[PDB]
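Colleague: Here you go, one structure.
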Amino acid sequence: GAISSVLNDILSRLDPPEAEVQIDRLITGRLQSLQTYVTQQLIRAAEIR
Amino acid sequence: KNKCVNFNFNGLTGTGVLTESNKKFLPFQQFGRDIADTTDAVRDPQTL
């Protein structure tokens with residue numbers, strides 16, 4: 001839901017009063033990707049145990 | 001070359017090292033991308 005996926009693009013085209021909204025959409029979307037990867041790897045580690 | 005230098009290739013901002021390439025690019029292609037879809041090569045705006 002942001003402008004672009006590159007963090008070096010939204011930091012150069014907008015103001016820090018304006019770029020705080022687009023960075024927040026990229027942090028929350030990428031934090032759920034790491035929470036999903038750890039959760040699926042923690043179940044596969046119990047099957048190999 | 002061979003140093004971690006900041007980049008400004010006409011809007012392309014990044015950080016990395018510079019090395020002479022080996023492969024062939026198309027004469028109308030400006031740059032390339034890897035499997036992870038980030039910048040892996042670039043063409044200078046002054047010399048070819």
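Chain labels A, B, ... are given in the sequence in which chains occur in the structure tokens; within each chain residues are numbered consecutively from 1, and ligands are likewise numbered from 1 in the order shown.
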Residues of chain B within 10 Å of chain A, using only C-alpha atoms, as a PyMOL selection string?
Modeller: chain B and resi 11-14+38
Colleague: Could the residues in this selection be saved with C-alpha atoms as a PDB file, in the first residue's frame?
Modeller:
ATOM      1  CA  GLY B  11      18.795   8.827  -9.268  1.00  0.00           C
ATOM      2  CA  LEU B  12      20.002   5.304  -8.412  1.00  0.00           C
ATOM      3  CA  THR B  13      21.137   5.722  -4.809  1.00  0.00           C
ATOM      4  CA  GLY B  14      22.926   2.834  -3.137  1.00  0.00           C
ATOM      5  CA  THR B  38      17.727  -5.452  -7.017  1.00  0.00           C
TER       6      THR B  38
END
Colleague: Give me the residues within 12 Å of residue 22 (chain A) as a list in words, counting only C-alpha atoms and dropping any in the same chain fewer than 4 places off.
Modeller: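 That gives residues 1, 2, 3, 4, 5, 6, 7, 8, 9, 10, 11, 13, 14, 15, 16, 17, 18, 26, 27, 28 and 29 of chain A.
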Colleague: Please list as a list in words every residue within 12 Å of residue 23 (chain B), counting only C-alpha atoms and excluding residues in the same chain fewer than 3 positions away.
Modeller: residues 20, 26, 32 and 41 of chain B
